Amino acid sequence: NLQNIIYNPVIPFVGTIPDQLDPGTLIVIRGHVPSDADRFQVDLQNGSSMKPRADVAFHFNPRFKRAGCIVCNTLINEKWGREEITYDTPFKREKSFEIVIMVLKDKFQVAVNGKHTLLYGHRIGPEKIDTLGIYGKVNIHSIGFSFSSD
């Protein structure tokens, strides 16, 4: 049931999500962190405006300085909300990964390399997400969706 919208996209990548992010929908991202990486992000956006910047329902932002972390947050009218930081990060420089985002009724559930990593409660209705963005120092092998639609 996995339908890739792309392989080996140039970074930054910005793409339209082909169906609604209904409860039960999976987003699967396969990739690798370069050795010199400081951060990268996956942004589920309401639109693709660069100026002013599109609302980000879900900012998933692995950071690599010191013992590393993941910052998750939401951008509404170009303001960030309260950061949700996970200090347990499975991401490392020069390591491949499989990110799985599961869209539930009330939150995203993210697993990496087949292990639970974090939850994040919806602050924008996920039905308002229509765009996926990947920015920063990262190589992406694939991006795909398993929709509730099919």
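In this text, residue numbers run from 1 along the sequence as written. By rigid core we mean the largest C-alpha set that fits within 1.5 Å across both forms.
- Relative to the shown model and aligned on the rigid core, the C-alphas in 5 other deposited structures of this protein deviate most, among 5-13 and 132-140, for 5-13.
- Here 26-34 and 46-54 are compared by their mean Cα B-factor, and 46-54 comes out higher.
- Annotation for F91: CA B-factor lies in the highest third of the chain's modelled residues.
- Residue-level temperature factors show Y7 in the lowest third of its chain, judged at the C-alpha atom.
- Sort the chain's modelled residues by C-alpha temperature factor and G68 lands in the highest third, per the entry.
- Placement of the Cα temperature factor of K107 within the chain: middle third of the modelled residues, per the deposited record.
- Sort the modelled residues of the chain by CA B factor and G133 lands in the lowest third.
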